[PDB]
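> first chunk of the complex, coordinates as they sit in the assembly:
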Amino acid sequence: XXXXXXXXXXXXXXXXXXXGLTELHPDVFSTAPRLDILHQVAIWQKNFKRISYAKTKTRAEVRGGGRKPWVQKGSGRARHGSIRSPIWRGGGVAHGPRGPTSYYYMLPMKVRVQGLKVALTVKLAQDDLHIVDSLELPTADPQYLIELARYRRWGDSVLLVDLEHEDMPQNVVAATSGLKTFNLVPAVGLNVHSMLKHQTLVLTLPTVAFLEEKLXXXXXXXXX
């Protein structure tokens, strides 16, 4: 049995501190990340969000009449039916989007679960994943966050998953206000799309706890 040991650095996030120690055992890690699964999950996530509102009018749905513009023979002109025909510039298209549909589909649970798992592994081994005990934002201002990201040399895009959404106003207020770099989201609302959207992941101890619980229970349910 190979046990992966990951070091969790506790940051009191005031300033000038990279010092912290916690021993983490992320059994959720996978040997080789699947690109195919991740791609399918991304494509699917892009797929069920489609509104499918594209509309047109077939020749039958055209306001124009179905009367014959002239006689079949003797006129000297070409043979023609109603002017709502697609061959006419007053008509529509037959193969057009007009008929509606739904571009989504039902993806197996093990596939999407293994997708989030593999993605988490990718972010893990990429050094872009950091674990903390807690989060503190006493001053709660954009300048503090920016200078923190610049001084601590974090990633260009960092996804912060900490809160259970039920507490800690001081953080959320400053974090959700006018910030392009950092994004916020509850621990129970963590998804693969959000992780792949950002180049850097930062999780806290409860977040990692619930995450590893959910992922170990899903891996144990998929193995059994």
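Cool, got the structure. Numbers count the residues shown, from 1 in each chain, chains lettered A, B, ... in the order given.
> Give me the outermost residue of chain A relative to its centroid.
Relative to the centre of chain A, the most outlying C-alpha is that of residue A:74, 64.6 Å out, by Cα atoms, centre = their mean.
> For that residue, give me phi and psi.
Its backbone dihedrals place residue A:74 at phi 100, psi -20, with angles given as degrees, to the nearest 10.
> mind checking how far it is from residue A:160?
Computed with Cβ to Cβ, to the nearest Å, the distance linking residue A:74 and residue A:160 is 80 Å. The way it works is simple: take the backbone N, C-alpha and C, and place the C-beta from them, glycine included.
> In contact with the residue nearest the centre of chain A, which residues?
Residue closest to the average C-alpha location in chain A (Cα atoms, centre = their mean): residue A:193, at 2.1 Å. If a contact means Cβ atoms under 8 Å, 6 or more residues apart in numbering, then residue A:193 has A:42, A:45 as its contacts.
> go again using 10 Å as the cut-off
Counting by Cβ atoms under 10 Å, 6 or more residues apart in numbering, residue A:193 touches A:41, A:42, A:45, A:46, A:49, A:116, A:119.
> Can you point out the buried residues in whatever helix or strand it lives in?
Assigned by DSSP states H and E, residue A:193 falls within helix A:192-197. Burial within helix A:192-197, assessed by neighbour count using 16 or more other Cβ atoms under 10 Å, is assigned to A:192, A:195, A:196.
> Can you show me the strands along chain A?
Counting by DSSP state E, the segments of chain A that form strands are A:6-8, A:22-24, A:129-132, A:158-161, A:182-185, A:200-204.
> one more chain, chain B:
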Amino acid sequence: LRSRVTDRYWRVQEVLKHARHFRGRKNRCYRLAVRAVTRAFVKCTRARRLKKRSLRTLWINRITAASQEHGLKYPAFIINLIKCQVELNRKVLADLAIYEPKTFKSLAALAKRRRXXXXXXXX
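Chain B goes in next, on the same frame as the chains above:
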């Protein structure tokens, strides 16, 4: 929804760019330009294939002339050159038949010499 955009206009522009110097609507209209272009390329291939034939015939004519000046015909000269183990091409042989009459005179002399020696050895 897509659009026709500049694609067709650029293709037409290219064909017409290759349709320059052509006569009439073929250097103006697109369809006739294409129709003339196809024929132009076919004629390119065919004439490039028959060019070697034309040049060969011309060279043969020149060498025939230069040979007849010395009293012998083209086929006899060819045979004599074959039995003389001369692999020289008819292009260079014609060039010598024009600019350097001395070399062709020597080859003709050796030709008549081989012919007379063969006619004397056969008798």
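> can you check the contacts of residue A:193 again with chain B included?
When the contact criterion is Cβ atoms under 10 Å, 6 or more residues apart in numbering or on different chains, the partners of residue A:193 are A:41, A:42, A:45, A:46, A:49, A:116, A:119.
> For residue B:91, which three-state class applies?
Assigned state for residue B:91: helix (three-state reduction, DSSP: H, G, I helix; E, B strand; the rest coil).
> For residue B:81, see how far away it is.
Using Cβ to Cβ, one obtains 14 Å as the distance from residue B:91 to residue B:81.
> what touches both of the two?
Jointly contacting residue B:91 and residue B:81 under the rule Cβ under 10 Å, 6+ apart are residue B:63.
> Neighbour count for the two, which is higher?
Under the criterion of other Cβ atoms under 10 Å in any protein chain shown, the comparison of residue B:91 against residue B:81 puts residue B:81 first, with 19 against 14.
> residues touching the more buried one, list them.
Contacts were defined as Cβ under 10 Å, 6+ apart; by that measure residue B:81 touches B:63, B:87, B:88, B:90, B:93, B:107, B:110, B:111, B:114.
> In helices, which of these fall?
When DSSP state H defines the helices, the subset of those inside them is B:63, B:90, B:93, B:107, B:110, B:111, B:114.
> I'd say the fourth one and residue B:92 touch.
No. Applying Cβ atoms under 10 Å, one finds residue B:107 not in contact with residue B:92, separated by 11.6 Å.
> between those two, which one's more packed in?
Set side by side, residue B:107 and residue B:92 give different neighbour counts by other Cβ under 10 Å, the larger being at residue B:107 (22 against 11).
> Make CSV from the contacts of residue A:193 and add neighbour count and distance to residue A:206 to it.
Output for the contacts of residue A:193, formatted as CSV (neighbours: other Cβ atoms under 10 Å in any protein chain shown; distance: Cβ to Cβ, whole Å):
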residue, neighbour count, distance to residue A:206
A:41, 24, 25
A:42, 15, 28
A:45, 16, 26
A:46, 11, 31
A:49, 10, 29
A:116, 23, 18
A:119, 23, 20
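> throw chain C onto that model:
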Amino acid sequence: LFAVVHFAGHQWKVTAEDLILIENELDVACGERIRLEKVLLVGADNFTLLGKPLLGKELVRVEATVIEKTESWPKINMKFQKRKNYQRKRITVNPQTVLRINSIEXXXX
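One more chain to add, chain C, which I have set with the ones above:
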């Protein structure tokens, strides 16, 4: 005084200072000096030497220099068949090599 050489399955009439283009590549670096065989030799004193099926290596020599490796103007080759819907367009560029003839050596035996 001129010579007649053979290369790439083609025979050529070479003279001093002349520039001759030969098909494709000779597998020789640019600037290098190479030697060529002799099919025929003709001296301007009206003295000709023709060996078979080759000339003397010790008797006569030909030395030329490669300027560079160029490419001839692109030739468009198209095949068309009537009402077979068969059209094939291919643009072919013929590789060439520039040779500068420098020294034609003739020695007495």
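> Once more for the contacts of residue A:193, now including chain C?
Counting by Cβ under 10 Å, 6+ apart, residue A:193 touches A:41, A:42, A:45, A:46, A:49, A:116, A:119.
> in terms of contact, does the last one touch residue A:40 like I think?
No. With contact defined as Cβ under 10 Å, residue A:119 does not count as touching residue A:40 (11.9 Å).
> Which neighbours do those two have in common?
Shared contacts of residue A:119 and residue A:40, defined by Cβ under 10 Å, 6+ apart, are found at residue A:34.
> Look at the closest residue to chain C within chain B and say how many residues are nearby.
Chain C sits closest to residue B:41 of chain B, with a gap of 3.6 Å, by Cβ to the nearest Cβ. Other residues near residue B:41 come to 18 when the count uses other Cβ under 10 Å.
> Okay, and it sits in which element?
Secondary-structure assignment from DSSP H and E places residue B:41 in helix B:30-68.
> How about residue B:82?
Assigned by DSSP H and E, residue B:82 falls within helix B:74-83.
> about what we covered before: if I pick the residue of chain B closest to chain C, what's in contact with it?
With Cβ under 10 Å, 6+ apart as the criterion, the residues that contact residue B:41 are B:18, C:76, C:77, C:78, C:79, C:80, C:87, C:89.
> Up against chain B, what does chain C have?
Near chain B, the residues belonging to chain C are C:2, C:4, C:6, C:10-13, C:39-40, C:42-48, C:50-54, C:75-80, C:87, C:89 when assessed by Cβ under 10 Å from any Cβ of the partner chain.
> Please narrow these to those residing in helices.
Residues from the residues of chain C next to chain B lying in helices, with DSSP H as the criterion: none.
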